[PDB]
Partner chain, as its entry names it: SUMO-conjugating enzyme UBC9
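Presented as structure tokens, the chain that follows is alone, the form solved without its partner chain.
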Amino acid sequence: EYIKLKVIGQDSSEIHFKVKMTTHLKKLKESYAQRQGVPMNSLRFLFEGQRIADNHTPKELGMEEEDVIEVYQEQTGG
């Protein structure tokens, strides 16, 4: 079963995804990075405080229909 997730950049950018509950979130992240023209290393994706791993599933994370993933530009090396 699949759920709709809303991915929202600080940007106010907004992209919706239909994701399988048991599927790794990697493709969602990389799709959003690609559509933004921004490198993966420069994004922090968050659901309820938790940074989302490429290997997290919506299921591991307690995600439901219409849940919001927030995305911030991340600076590294500090």
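Positions refer to the first chain, counted from 1.
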- Going by the average Cα B-factor in the PDB entry, point out whether 51-59 or 8-16 comes out higher. 8-16
- Message: If you take the mean CA temperature factor per stretch, which one wins between 36-44 and 23-31?
- Response: 36-44
- Lowest, middle or highest third: where is residue 66 by Cα B-factor in its chain? highest
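The form deposited with its partner chain bound is left out here; the points below concern that form.
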- Message: Need the contact residues for 45-69: heavy atom within 4.5 Å of its partner chain in the bound PDB entry, sequence order, or none if there are none.
- Response: 47, 48, 49, 61, 62, 63, 64, 66, 67, 68
